[PDB]
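Read the figures in this text as sums done on the coordinates, not as results from a lab. Cβ sites come from the backbone with ideal geometry, for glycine too, and all protein chains shown count toward neighbours.
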Ligand code: SF4
Ligand code: SF4
Ligand code: SF4
Ligand code: FES
Ligand SMILES: [Zn+2]
């Protein structure tokens, strides 16, 4: 910014775009420093009641892998339902 | 009819229904040698028979593409002959046989 | 085909690549890329480190996409623990996940041009990059190599004010991409050096495990972010930029289009990020808040054990893959019940892509090889690991 | 016992392969000393080849031998298709390192743990 | 068809270890004891084989400990005594196995402490 | 010299390091700086030293100033308190 | 004969009549979180951190002190036996002074780990803590006893393994302090074992006060040469100088104990 | 949702007007001239560079920068040698050995951060209970010799004293977040 | 606690049975993790056959090879555990086929089945030492040209045995046995207390 109008007009034209509206250099639009102090929210599990960990510890309630076909009519089954075709976009199908 | 398939390398196959019917019928034939109760024969015969039946039943390729999935019809052709190749390969491999060898003991115990 | 040993000549860089080649005059007969000039041991070193002290290694594996890599380990460690991050953290990871994609594409498109010979796009977009780094710094503390995305969510909530600035930037970045375009998308010359160079068929791309824009550029529709959603990339709406006539020019256009689509995903994340916590509440997996560890005994014990010993992940193994900007980045993390991992093979979108250099650059000139290394976004950190 | 054969059914057949590799290296030593401008004597180098080929003379098992030449062949390829520059080759000669005595009295005089 | 070899798998020739550290290194296969500090026994379960300790001279510039032995920090963990012995034989390191020593059963009963005559 | 009496002997050669250079040491030594702070005369048997500044200080601990002879000293600050 | 069959989570282990519930879990391989129970020290039941749930029973039982009975199923990991640990650990920690970065039994704590493994992630003790005056019990053991979880293993060892019979409990309520009523030093051989046997870091070693921290210590198993009993010992070395010698168990020679001289 | 880039929806049949427009594009390099206009445009934009010594690129409070050891206001160094800063350092950089000071307090006889080993993760900042080791703002500590980069307790304590005022302000700004 | 859908643990489980039935000569174990991931385990001889069936079967198309890796369990007689992770863009599912290979008992190469493996197989040889028959060009990829020893083996020292410095006398870079100035401090981290039955 701080450009004489003519330079701006030359700029906008040569570029073909209103570069003034979206300048790259930042001027007094960037968040001021020393933004106010933050009081962040405490999440769940901070209840002082009905908060038993045994009821909220997925870490080791996990079990050893389930085993099928261990070494020690029927229809065909796929790894999973065949995938669904993606659909062309509607805002900008092409380009 | 279409101009080209999304996939770069694949090229539009005219007479796609005929090309599929040729490949599908071939596979069914090769499978005819597999042992009778061989798992691959029963499973793939079921899949291939359903695929043909649909190819025979549908005269519109766009709906054919919907009925057996496969995205573009050209891909289904590639998948069918790829399967035809493996069917020939497995007959040589004889994988329907029992396990080649039991794993050394404690071979599959992860906590270790 | 006089071997020229090109690439120790810093000609396409992206790291240090000795692309031994045999060239009959200016035609390339065979390219045998050499690797490991940047092997550093990242996979063995991790076995001797705890889960949280191995997180910084992932940022270094492919450091142009600093964070997106961290998300892959995060996800992997979360799966093994069967813990999930809190809702705000998920959006953050998608917010910085995308910002990181832009950062990678600005790197890939502009560095591609510098090797081609166009130098002004790099300076134009490195200024935008710079501005993004600052987001990283004001969120993590480091310009790059943040360590912000940890195995149980983010480390610390966003500063009070970042979202607003990740808006001003996003509101404008588009024009910056537009400019590059007016310089390269239709240049009468960019097209020539890029069009019909390194065409890869669709069947061949899947066969050589390309798994990235390289597949998407050939017209195969696969974005692990839409096919197998991770985090909250499911709750956003974006369009994968599929390509046809896959070649250096087409894929490029795809990378410029994901820069565009990522701005669509970033916008949403700013518009819909929830109030909440940024780390799991299980002191078992996530370190306790410093006010809590300084006033509550259970929190100190959990702080002491977590930092000194570790998560103690339950025994198991998982392969979790995300859609890192380069392509599918996956960590196969085998884990004994111990706090330190047992194996952590990093699948690098790039080990597969380089391999394809041979099957892509055939009957091509020396300049063509330079263009193709660019269209694979090879960061030797991920390939060498 | 009851092992599967890697490439050589018996030490006999395996030894055949070792002979071939020796020849290969023997024929190559001179070229390397010239294409790498190494400051060594062809004769000297050829003895080194012998050294290595015998350092592993004790192996009796056929499978171990077969891998040894696979690996050996790979090294040759790196030295005839030159991807290994002098620094790499000369390392074989251990030129800079100071040799350590194996005499007990010698070790006693120098290292806590021999 | 399989071929027969009575030769103890020794693969010392393929492992790629310097000669000095294969003939002068004694490794001990032992089940780790429990630091008496803690009463948990989850670290006294798997056998470990550990290479013999070597020089740790002080560094002149900073006083940090410095070691010239590469196989020092390496302790491999093996689930059973038989498997660990096998690793030593094929890698060619000397071994001296120590039998696991588990606490003997001890009879305890709260009543005893209130015994008429103890 | 340093906090811990680290003084290279008159014959040690690491002193060559200090030749033509400054051996970095700090005049402000803690052992002494804590002493200056006076004993806090609290009027409760057990008082707590949060470390000053709460979250910006050290883990909170309670000290028993019951012993009449001696004074409680926070294992963290070193601050002393007497009843 | 003399082999009852008790089920630990339906594993039908068989134990001599007399085995405690904690002992039954051990042979299956499960380990009841425990404080105040040491194999070679009398069962006291002070902590009640080992409460388990025998099947079809109204209340949970004390593992270390309950003679097992035929048929019982232990349900060690039952939702109940976890509330019975998530709620005890709440109490031990409530009066505990959080100076874990002072407590040199940092990584050698059977109370953080049993808290990180069997207890909760937070605290609800918004009230104030307690503090107990320290004691100069001797020149070897530093008793920062505000750490004590009143587990009475010292008072046992000091009476049962060693015949000192000096250490004792004094008072009732939450100011039961387990220290010598009059300040008489605990002077006896076998003295330093108290350090190793107190799971809390209340009383620890004064020479090895703050020289190290256990994760760093490389542990080499060797033999006592100071005396002819040849007691087994583990020499804990950091960066090449010995930092501590603590006992390692040999059933026949030193069963978990070592002399004051050889440590 | 997908999007075709570089896919021509249809075959526009050449119309003279179209052909001319195209031929003119090849003959008179029309698009090439378009590209020149863009660069001429920026030539007129204000350059974004900063006088490096005189002006400095902005770094917010969490910037990790250079290690320092803080001291209590009284003057007692904060570190109490719990040594978990050593435990969680990913690079093995921090070496700590301690012994009870004469006062009887716990303190570190030797605290050595090897900055060349350090990868400035900032976990040490995180891990410290007394928050004695902090990531200080300064990033300009380039040194002529490798030894200078290795830092003992006296350099870090001195680094702490020099930058304590800003370190205190930075921790003041970001502690609520942590 | 992560959200788990049992739809997948059922779909994948069934497929596992399907694969097993179709390839019973090689499939030894087929398990689905609690994380909804299938992991057919095959005898080493079934490398070629099991992969090919997955790459070219209409009901199981697994076109791309995500990764080929080899964990090393030293205790296990067959030290290495080659693991191949595959993706099916058609059915949006991944499977892992893992085999076992000892140091001197080579595995077949699948470069034929997937050419992606051309590089990863060279990576497994360089790091772990497993050998792959019928490989087009197996040669060290990541390690130095003259490196001796396979690095990711659990029995290889982290720091290694050789390090490089420039020597003036010989005016050329020169290996020397590793001498480290601060050895890797080997913190013992395992706690003596278990977490759950698992
Ligand atoms: S005992 Fe020492 S270490 Fe164990 S918890 Fe209490 S304070 Fe922390
Ligand atoms: S001192 Fe140690 S042992 Fe004696 S009671 Fe307190 S805690 Fe239990
Ligand atoms: S953590 Fe903070 S206090 Fe504990 S040692 Fe490291 S620096 Fe000193
Ligand atoms: S161990 Fe059961 S009562 Fe303390
Ligand atoms: Zn204090």
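Here are a few things to note about the model shown:
- Overall Cα dimensions of the stretch C:304-372 - principal axes, largest extent first, Å: 59, 22, 18
- Unit Cα scatterers, Debye sum, the stretch C:250-385: log10 I(q)/I(0) for q = 0.20, 0.22 Å⁻¹: -1.16, -1.22
- By the beta-carbon count within 10 Å of each Cβ, the least crowded to most crowded order of B:17, F:3, fewest first, is B:17, F:3.
- Fraction of beta bridges assigned by DSSP in the stretch G:1-212 that are antiparallel (%, nearest 5): 90 percent
- Summarised as an ellipsoid, the protein assembly as shown has semi-axes of 56, 41, 36 Å, derived from the eigenvalues of the Cα gyration tensor scaled by 5 and square-rooted, with the largest first.
- The simple Förster model, with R0 at 60 Å and r as the Cβ-Cβ distance, assigns residue G:55 and residue F:29 a FRET efficiency of 0.40.
- Among C:260, C:60, C:40: highest mean-square fluctuation, GNM of chain C, C-alpha pairs under 10 Å: C:40
- Averaged over peptide I:111-124, the number of partner chain Cβ atoms lying within 10 Å of each residue's Cβ comes to 4.
- Taking the C-alpha atoms only, the angle from helix I:117-128 to the longest principal axis of chain I is near 50 degrees.
- Across the stretch G:1-212 the C-alpha pair distances fall into 5 Å bins from zero in the proportions 1, 7, 14, 17, 17, 15, 12, 9, 5, 2, 0, 0 percent.
- GNM remark for chain H: springs join alpha carbons under 10 Å apart, and the peak mean-square fluctuation among H:58, H:129, H:47 falls on H:47.
- Tail weight of P(r) past 17 Å, computed on alpha-carbon pairs of the stretch G:150-217, percent: 47 percent
- In the stretch H:1-98, one over the average inverse separation of all distinct C-alpha pairs is 22.3 Å, which is the Kirkwood hydrodynamic radius.
- Note on residue C:164 and residue G:185: the model spin-label points, each 7 Å out from Cα along the C-beta direction, lie 6.8 nm apart.
- The alpha carbon centroids of the stretch H:6-29 and the stretch B:1-54 are separated by 43 Å.
- Distance from the stretch A:47-95 to the stretch C:250-297 (C-alpha centre basis), Å: 22 Å
- Rounded to 10°, Cα long-axis angle of helix C:120-139 versus longest principal axis of chain C: 10 degrees
- If a spin label sat at a point 7 angstrom from the Cα of residue C:26 along the line to its beta carbon, the backbone N atoms of the stretch C:196-211 nearer than 20 Å would be those of C:196-199.
- Across the stretch F:63-83, the residues whose backbone nitrogen lies under 12 Å from the label position 7 Å along the beta-carbon direction of residue F:41 are F:82-83.
- Efficiency of FRET from Cβ geometry, residue D:27 and residue E:75, R₀ 41 Å, rounded to 0.05: 0.35
- Stokes-Einstein diffusion of the stretch H:103-178 at 4 °C, 1.567 mPa s viscosity, Kirkwood radius from Cα pairs, rounded to a whole number: 93 µm²/s.
- In terms of its Cα atoms, the stretch E:24-107 spans 57, 36, 15 Å along the principal axes, sorted from long to short.
- Per-selection Kirkwood Rh - chain A (Cα, Å, 1 d.p.): 23.5 Å
- Estimated D of the stretch C:88-155 in µm² per second, where Rh is the Kirkwood radius over Cα pairs and Stokes-Einstein applies at 4 °C, 1.567 mPa s: 101 µm²/s
- Model label sites at residue G:69 and residue C:47, defined 7 Å from Cα along the beta-carbon direction, differ in position by 5.2 nm.
- Kirkwood radius and radius of gyration were both taken over the C-alpha atoms of chain C, and their ratio Rg/Rh is 0.99.
- Remark: mean inter-chain Cβ contacts per residue of H:31-40 equal 6, using a 10 Å Cβ-Cβ cutoff to other protein chain atoms.
- Neighbour-count order for C:194, D:87, fewest beta carbons within 10 angstrom listed first: D:87, C:194
- In terms of Cα atoms, the Rg and Dmax of chain H work out to 29.1, 99 Å.
- Distance between the stretch C:163-236 and the stretch I:62-76 - C-alpha centres, whole angstrom: 30 Å
- Expected-Rg normalisation [2.2 N^0.38 Å, Cα atoms] applied to the stretch C:146-194: 1.88
- Label-to-label distance, residue D:98 versus residue E:48, with points set 7 angstrom from Cα along the beta-carbon direction: 3.5 nm.
- In summary, the convex hull built on the alpha carbon positions of chain I has an orientation-averaged projected area of 16.1 nm².
- Whole-number D in µm²/s for the stretch I:146-193 (Stokes-Einstein; Kirkwood sum over Cα pairs; 25 °C, 0.890 mPa s): 180 µm²/s
- Label zone at residue H:149 (point 7 Å along Cα-to-Cβ), backbone N below 15 Å, the stretch H:111-136: H:113-121
- Here, the stretch G:25-113 yields an orientationally averaged convex hull projection of 6.9 nm² when only Cα atoms define the hull.
- For chain H, the longest principal axis of the C-alpha atoms and the axis of helix H:16-27 are separated by about 50°.
- The stretch D:64-103 - Kirkwood radius from inverse mean 1/r over Cα pairs (Å): 12.1 Å
- All-pairs Cα distance distribution in chain B, expressed in whole percent, bin size 5 Å: 2, 10, 19, 18, 13, 11, 9, 7, 5, 4, 2, 1, 0
- Sorting C:35, F:1, E:3 by the number of Cβ atoms found within 10 Å of their own Cβ, with the fewest placed first, yields F:1, E:3, C:35.
- Approximate shape of chain F as ellipsoid semi-axes (Cα gyration tensor, √5λ), whole Å, largest first: 39, 14, 10
- Relative contact order computed over the stretch C:20-86 (Cα-Cα under 8 Å; 6+ residues apart), in percent: 15 percent
- Per-residue shielding of I:75-86, expressed as the average number of other chain Cβ atoms within 10 Å of the residue Cβ, stands at 5.
- Over the C-alpha atoms of the stretch G:213-263, the Rg to Rh ratio, Rh being the Kirkwood estimate, stands at 0.98.
- Residue G:221/residue E:94 FRET efficiency (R0 25 Å; Cβ-Cβ; nearest 0.05): 0.90
- Most mobile listed residue (G:210, G:157, G:186) in chain G, GNM with C-alpha springs under 10 Å: G:210
- Rounded to the nearest whole angstrom, the semi-axes of the ellipsoid equivalent to the stretch G:147-263, taken from the Cα gyration tensor as √(5λ), stand at 27, 18, 12, largest first.
- Chain D, Cα convex hull volume normalised per residue, Å³: 153 Å³
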